>>> print(open('structure.pdb').read())   # PDB, C-alpha atoms and all ligand atoms
ATOM      1  CA  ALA Z   1      10.237   7.624  -6.102  1.00  0.00           C
ATOM      2  CA  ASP Z   2       7.698  10.390  -5.236  1.00  0.00           C
ATOM      3  CA  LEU Z   3       4.962   9.576  -2.778  1.00  0.00           C
ATOM      4  CA  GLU Z   4       2.225  10.704  -5.169  1.00  0.00           C
ATOM      5  CA  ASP Z   5       3.403   8.232  -7.744  1.00  0.00           C
ATOM      6  CA  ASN Z   6       3.791   5.379  -5.306  1.00  0.00           C
ATOM      7  CA  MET Z   7       0.207   5.993  -4.199  1.00  0.00           C
ATOM      8  CA  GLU Z   8      -0.994   6.228  -7.782  1.00  0.00           C
ATOM      9  CA  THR Z   9       0.677   2.857  -8.300  1.00  0.00           C
ATOM     10  CA  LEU Z  10      -1.175   1.176  -5.436  1.00  0.00           C
ATOM     11  CA  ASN Z  11      -4.495   2.733  -6.491  1.00  0.00           C
ATOM     12  CA  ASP Z  12      -4.122   1.823 -10.169  1.00  0.00           C
ATOM     13  CA  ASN Z  13      -3.134  -1.737  -9.470  1.00  0.00           C
ATOM     14  CA  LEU Z  14      -6.141  -2.287  -7.237  1.00  0.00           C
ATOM     15  CA  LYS Z  15      -8.273  -1.586 -10.279  1.00  0.00           C
ATOM     16  CA  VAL Z  16      -6.384  -3.965 -12.579  1.00  0.00           C
ATOM     17  CA  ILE Z  17      -6.838  -6.568  -9.860  1.00  0.00           C
ATOM     18  CA  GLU Z  18     -10.617  -6.265  -9.652  1.00  0.00           C
ATOM     19  CA  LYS Z  19     -10.804  -6.305 -13.458  1.00  0.00           C
ATOM     20  CA  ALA Z  20      -8.289  -9.121 -13.896  1.00  0.00           C
ATOM     21  CA  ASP Z  21      -8.826 -12.347 -15.805  1.00  0.00           C
ATOM     22  CA  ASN Z  22      -6.008 -14.670 -14.590  1.00  0.00           C
ATOM     23  CA  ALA Z  23      -3.680 -14.974 -11.597  1.00  0.00           C
ATOM     24  CA  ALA Z  24      -0.621 -14.015 -13.668  1.00  0.00           C
ATOM     25  CA  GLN Z  25      -2.056 -10.520 -14.123  1.00  0.00           C
ATOM     26  CA  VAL Z  26      -3.085 -10.387 -10.455  1.00  0.00           C
ATOM     27  CA  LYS Z  27       0.372 -11.693  -9.610  1.00  0.00           C
ATOM     28  CA  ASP Z  28       1.936  -8.810 -11.505  1.00  0.00           C
ATOM     29  CA  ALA Z  29      -0.242  -6.111  -9.913  1.00  0.00           C
ATOM     30  CA  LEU Z  30       0.531  -7.234  -6.380  1.00  0.00           C
ATOM     31  CA  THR Z  31       4.200  -7.110  -7.299  1.00  0.00           C
ATOM     32  CA  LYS Z  32       3.946  -3.505  -8.421  1.00  0.00           C
ATOM     33  CA  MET Z  33       2.011  -2.695  -5.248  1.00  0.00           C
ATOM     34  CA  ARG Z  34       4.557  -4.259  -2.905  1.00  0.00           C
ATOM     35  CA  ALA Z  35       7.414  -2.304  -4.421  1.00  0.00           C
ATOM     36  CA  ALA Z  36       5.357   0.888  -4.348  1.00  0.00           C
ATOM     37  CA  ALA Z  37       4.690   0.300  -0.645  1.00  0.00           C
ATOM     38  CA  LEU Z  38       8.403  -0.134   0.154  1.00  0.00           C
ATOM     39  CA  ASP Z  39       9.344   2.962  -1.838  1.00  0.00           C
ATOM     40  CA  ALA Z  40       6.555   5.033  -0.292  1.00  0.00           C
ATOM     41  CA  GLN Z  41       7.682   3.847   3.136  1.00  0.00           C
ATOM     42  CA  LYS Z  42      10.873   5.866   2.624  1.00  0.00           C
ATOM     43  CA  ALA Z  43       9.235   9.211   1.979  1.00  0.00           C
ATOM     44  CA  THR Z  44       7.971  12.051   4.173  1.00  0.00           C
ATOM     45  CA  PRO Z  45       4.331  13.120   3.587  1.00  0.00           C
ATOM     46  CA  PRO Z  46       3.601  16.866   3.566  1.00  0.00           C
ATOM     47  CA  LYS Z  47       1.874  16.768   6.940  1.00  0.00           C
ATOM     48  CA  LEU Z  48       5.023  15.276   8.505  1.00  0.00           C
ATOM     49  CA  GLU Z  49       7.022  18.363   7.526  1.00  0.00           C
ATOM     50  CA  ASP Z  50       9.827  18.800   9.990  1.00  0.00           C
ATOM     51  CA  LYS Z  51       9.243  15.656  12.036  1.00  0.00           C
ATOM     52  CA  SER Z  52      12.380  13.841  13.009  1.00  0.00           C
ATOM     53  CA  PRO Z  53      12.685  10.271  11.716  1.00  0.00           C
ATOM     54  CA  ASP Z  54      12.410   9.188  15.373  1.00  0.00           C
ATOM     55  CA  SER Z  55       9.103  10.922  16.002  1.00  0.00           C
ATOM     56  CA  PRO Z  56       6.091   8.712  16.726  1.00  0.00           C
ATOM     57  CA  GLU Z  57       4.328  10.106  13.657  1.00  0.00           C
ATOM     58  CA  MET Z  58       7.164   9.080  11.351  1.00  0.00           C
ATOM     59  CA  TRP Z  59       7.489   5.756  13.131  1.00  0.00           C
ATOM     60  CA  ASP Z  60       3.738   5.236  12.808  1.00  0.00           C
ATOM     61  CA  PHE Z  61       3.941   6.328   9.198  1.00  0.00           C
ATOM     62  CA  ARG Z  62       6.617   3.757   8.357  1.00  0.00           C
ATOM     63  CA  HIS Z  63       4.782   1.147  10.436  1.00  0.00           C
ATOM     64  CA  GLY Z  64       1.646   1.547   8.325  1.00  0.00           C
ATOM     65  CA  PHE Z  65       3.494   0.412   5.253  1.00  0.00           C
ATOM     66  CA  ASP Z  66       4.676  -2.655   7.164  1.00  0.00           C
ATOM     67  CA  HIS Z  67       1.272  -4.139   7.978  1.00  0.00           C
ATOM     68  CA  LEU Z  68       0.319  -3.459   4.390  1.00  0.00           C
ATOM     69  CA  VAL Z  69       3.253  -5.269   2.808  1.00  0.00           C
ATOM     70  CA  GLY Z  70       2.366  -8.200   5.045  1.00  0.00           C
ATOM     71  CA  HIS Z  71      -1.160  -8.312   3.695  1.00  0.00           C
ATOM     72  CA  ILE Z  72       0.166  -7.937   0.164  1.00  0.00           C
ATOM     73  CA  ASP Z  73       2.499 -10.920   0.737  1.00  0.00           C
ATOM     74  CA  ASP Z  74      -0.416 -12.826   2.280  1.00  0.00           C
ATOM     75  CA  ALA Z  75      -2.409 -12.099  -0.876  1.00  0.00           C
ATOM     76  CA  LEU Z  76       0.428 -12.857  -3.295  1.00  0.00           C
ATOM     77  CA  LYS Z  77       0.493 -16.409  -1.939  1.00  0.00           C
ATOM     78  CA  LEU Z  78      -3.055 -16.993  -3.161  1.00  0.00           C
ATOM     79  CA  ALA Z  79      -1.830 -15.655  -6.495  1.00  0.00           C
ATOM     80  CA  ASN Z  80       1.078 -18.085  -6.926  1.00  0.00           C
ATOM     81  CA  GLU Z  81      -1.358 -20.869  -5.921  1.00  0.00           C
ATOM     82  CA  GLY Z  82      -3.649 -19.990  -8.844  1.00  0.00           C
ATOM     83  CA  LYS Z  83      -6.330 -18.868  -6.370  1.00  0.00           C
ATOM     84  CA  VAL Z  84      -7.666 -15.802  -8.205  1.00  0.00           C
ATOM     85  CA  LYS Z  85     -10.968 -14.722  -6.662  1.00  0.00           C
ATOM     86  CA  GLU Z  86      -9.739 -15.336  -3.130  1.00  0.00           C
ATOM     87  CA  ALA Z  87      -6.728 -13.159  -3.939  1.00  0.00           C
ATOM     88  CA  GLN Z  88      -9.008 -10.702  -5.721  1.00  0.00           C
ATOM     89  CA  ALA Z  89     -10.873 -10.539  -2.408  1.00  0.00           C
ATOM     90  CA  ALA Z  90      -7.802 -10.401  -0.185  1.00  0.00           C
ATOM     91  CA  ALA Z  91      -6.831  -7.432  -2.343  1.00  0.00           C
ATOM     92  CA  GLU Z  92     -10.145  -5.748  -1.569  1.00  0.00           C
ATOM     93  CA  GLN Z  93      -9.435  -6.178   2.114  1.00  0.00           C
ATOM     94  CA  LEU Z  94      -6.403  -3.928   1.684  1.00  0.00           C
ATOM     95  CA  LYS Z  95      -8.546  -0.786   1.735  1.00  0.00           C
ATOM     96  CA  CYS Z  96      -8.435  -1.207   5.504  1.00  0.00           C
ATOM     97  CA  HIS Z  97      -4.796  -0.225   5.369  1.00  0.00           C
ATOM     98  CA  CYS Z  98      -5.457   2.657   3.004  1.00  0.00           C
ATOM     99  CA  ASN Z  99      -8.103   4.336   5.135  1.00  0.00           C
ATOM    100  CA  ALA Z 100      -6.197   4.199   8.417  1.00  0.00           C
ATOM    101  CA  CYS Z 101      -3.051   5.971   7.250  1.00  0.00           C
ATOM    102  CA  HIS Z 102      -4.883   8.579   5.151  1.00  0.00           C
ATOM    103  CA  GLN Z 103      -7.193   9.620   7.966  1.00  0.00           C
ATOM    104  CA  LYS Z 104      -4.068  10.226  10.100  1.00  0.00           C
ATOM    105  CA  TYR Z 105      -1.477  11.617   7.633  1.00  0.00           C
ATOM    106  CA  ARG Z 106      -3.171  12.828   4.420  1.00  0.00           C
TER     107      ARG Z 106
HETATM  108  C1  LIG V   1       0.402   5.713   4.905  1.00  0.00           C
HETATM  109  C2  LIG V   1       1.159   4.572   5.644  1.00  0.00           C
HETATM  110  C3  LIG V   1      -0.422   5.260   3.658  1.00  0.00           C
HETATM  111  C4  LIG V   1      -1.014   4.083   3.315  1.00  0.00           C
HETATM  112  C5  LIG V   1      -0.821   2.649   3.855  1.00  0.00           C
HETATM  113  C6  LIG V   1      -1.662   4.273   2.042  1.00  0.00           C
HETATM  114  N1  LIG V   1      -1.628   5.615   1.714  1.00  0.00           N
HETATM  115 FE1  LIG V   1      -2.229   6.536   0.111  1.00  0.00          FE
HETATM  116  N2  LIG V   1      -1.597   8.372   0.633  1.00  0.00           N
HETATM  117  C7  LIG V   1      -0.880   8.521   1.801  1.00  0.00           C
HETATM  118  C8  LIG V   1      -0.476   9.885   1.924  1.00  0.00           C
HETATM  119  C9  LIG V   1       0.355  10.451   3.085  1.00  0.00           C
HETATM  120  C10 LIG V   1      -1.020  10.595   0.683  1.00  0.00           C
HETATM  121  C11 LIG V   1      -0.864  12.075   0.295  1.00  0.00           C
HETATM  122  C12 LIG V   1       0.299  12.264  -0.690  1.00  0.00           C
HETATM  123  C13 LIG V   1       0.261  13.709  -1.134  1.00  0.00           C
HETATM  124  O1  LIG V   1       0.757  14.011  -2.246  1.00  0.00           O
HETATM  125  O2  LIG V   1      -0.313  14.556  -0.383  1.00  0.00           O
HETATM  126  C14 LIG V   1      -1.688   9.570  -0.058  1.00  0.00           C
HETATM  127  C15 LIG V   1      -2.336   9.749  -1.244  1.00  0.00           C
HETATM  128  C16 LIG V   1      -2.973   8.747  -1.914  1.00  0.00           C
HETATM  129  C17 LIG V   1      -3.738   8.928  -3.123  1.00  0.00           C
HETATM  130  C18 LIG V   1      -3.911  10.267  -3.854  1.00  0.00           C
HETATM  131  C19 LIG V   1      -2.728  10.339  -4.817  1.00  0.00           C
HETATM  132  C20 LIG V   1      -2.682  11.553  -5.703  1.00  0.00           C
HETATM  133  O3  LIG V   1      -2.936  11.455  -6.932  1.00  0.00           O
HETATM  134  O4  LIG V   1      -2.348  12.630  -5.159  1.00  0.00           O
HETATM  135  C21 LIG V   1      -4.179   7.735  -3.495  1.00  0.00           C
HETATM  136  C22 LIG V   1      -5.021   7.425  -4.728  1.00  0.00           C
HETATM  137  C23 LIG V   1      -3.740   6.768  -2.517  1.00  0.00           C
HETATM  138  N3  LIG V   1      -2.999   7.418  -1.554  1.00  0.00           N
HETATM  139  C24 LIG V   1      -4.005   5.430  -2.568  1.00  0.00           C
HETATM  140  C25 LIG V   1      -3.739   4.474  -1.609  1.00  0.00           C
HETATM  141  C26 LIG V   1      -4.228   3.109  -1.623  1.00  0.00           C
HETATM  142  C27 LIG V   1      -5.121   2.547  -2.752  1.00  0.00           C
HETATM  143  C28 LIG V   1      -3.764   2.478  -0.536  1.00  0.00           C
HETATM  144  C29 LIG V   1      -4.052   1.011  -0.029  1.00  0.00           C
HETATM  145  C30 LIG V   1      -3.801  -0.127  -1.040  1.00  0.00           C
HETATM  146  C31 LIG V   1      -2.976   3.463   0.188  1.00  0.00           C
HETATM  147  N4  LIG V   1      -2.962   4.652  -0.500  1.00  0.00           N
HETATM  148  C32 LIG V   1      -2.300   3.276   1.361  1.00  0.00           C
HETATM  149  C33 LIG V   1      -0.595   7.562   2.740  1.00  0.00           C
HETATM  150  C34 LIG V   1      -0.893   6.235   2.693  1.00  0.00           C
HETATM  151 CA    CA V   2       2.748  15.976  -5.726  1.00  0.00          CA
HETATM  152 CA    CA V   3      -2.148  12.460  -9.111  1.00  0.00          CA
HETATM  153 CA    CA V   4       2.330   9.753 -11.774  1.00  0.00          CA
HETATM  154 CA    CA V   5      -4.930   7.827 -12.819  1.00  0.00          CA
END
>>> encode(input="structure.pdb", output="structure tokens", more="lines below")
Ligand code: HEC
Ligand SMILES: [Ca+2]
Ligand SMILES: [Ca+2]
Ligand SMILES: [Ca+2]
Ligand SMILES: [Ca+2]
Amino acid sequence: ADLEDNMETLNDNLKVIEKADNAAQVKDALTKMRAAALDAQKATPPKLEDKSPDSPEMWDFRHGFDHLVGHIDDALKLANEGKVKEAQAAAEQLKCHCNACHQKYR
């Protein structure tokens, strides 16, 4: 549903997470993020123009959303187990996924 908007959704919900008060909020943000990541994973960034879905760049692109959903799952667990700050920290550790893709395909 538009790659810009998917990316806005991940960004945004990182902020709510840092600012959050209780796991239920954090739980909801990570939900939004996960869906965003799966939707984004289906799109074609401008730099990957006329690259066939079997190209390494488009494989690598889709791959990058896979590691990230993993780490979002791994953080959601902490959420459902009431463990806020540790999930608020796991969330921070997600910026490792953000940087790597961007530097390649933004
Ligand atoms: C590739 C597998 C990506 C990962 C993982 C993340 N981002 Fe991304 N982002 C990606 C691309 C290819 C682009 C450019 C889209 C375009 O319109 O050119 C972006 C852009 C953003 C932006 C800017 C959005 C805007 O208003 O134009 C933001 C704020 C952003 N991305 C955030 C973001 C965060 C917070 C991520 C980790 C949780 C993250 N992205 C991962 C590609 C990829
Ligand atoms: Ca746009
Ligand atoms: Ca924008
Ligand atoms: Ca928008
Ligand atoms: Ca905004």
>>> resolve_selection(input="structure.pdb", expression="the PyMOL selection byres (((not hetatm)) within 9 of (chain V and resi 3))", output="count of residues only")
4
>>> closest_residue(input="structure.pdb", among="Z:57, Z:65, Z:1, Z:72", to="ligand LIG 1 (chain V)", atoms="all atoms listed in the file")
Z:65
>>> resolve_selection(input="structure.pdb", expression="the PyMOL selection byres (((chain Z and resi 2) around 12) and not hetatm)", output="PyMOL selection string")
chain Z and resi 1+3-9+36-46
>>> residues_around(input="structure.pdb", residues="residue 81 in chain Z", least_positions_apart="3", cutoff="12 Å", atoms="all atoms listed in the file", output="list in words")
residues 22, 23, 24, 26, 27, 74, 75, 76, 77, 78, 84, 85, 86 and 87 of chain Z
>>> atom_distance(input="structure.pdb", atom1="CA of residue 95 in chain Z", atom2="CA of residue 48 in chain Z")
22.1 Å
>>> resolve_selection(input="structure.pdb", expression="the PyMOL selection byres (((chain Z and resi 64) around 12) and not hetatm)", output="ChimeraX atom specification")
/Z:37-38,40-42,56-63,65-71,94,96-105
>>> atom_distance(input="structure.pdb", atom1="CA of residue 93 in chain Z", atom2="atom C5 of ligand LIG 1 (chain V)")
12.5 Å
>>> closest_residue(input="structure.pdb", among="Z:91, Z:52, Z:83, Z:19", to="residue 33 in chain Z", atoms="only C-alpha atoms")
Z:91
>>> closest_residue(input="structure.pdb", among="Z:88, Z:80, Z:55, Z:31", to="residue 17 in chain Z", atoms="only C-alpha atoms")
Z:88
>>> atom_distance(input="structure.pdb", atom1="CA of residue 34 in chain Z", atom2="atom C30 of ligand LIG 1 (chain V)")
9.5 Å
>>> residues_around(input="structure.pdb", residues="residue 13 in chain Z", least_positions_apart="2", cutoff="8 Å", atoms="all atoms listed in the file", output="list in words")
residues 9, 10, 11, 15, 16, 17, 29, 30, 32 and 33 of chain Z
>>> closest_residue(input="structure.pdb", among="Z:47, Z:12, Z:73, Z:106", to="residue 90 in chain Z", atoms="only C-alpha atoms")
Z:73
>>> axis_aligned_box(input="structure.pdb", around="ligand LIG 1 (chain V)", padding_each_side="8 Å", output="AutoDock Vina command-line options")
--center_x -2.0 --center_y 7.2 --center_z -0.6 --size_x 22.3 --size_y 30.7 --size_z 28.6
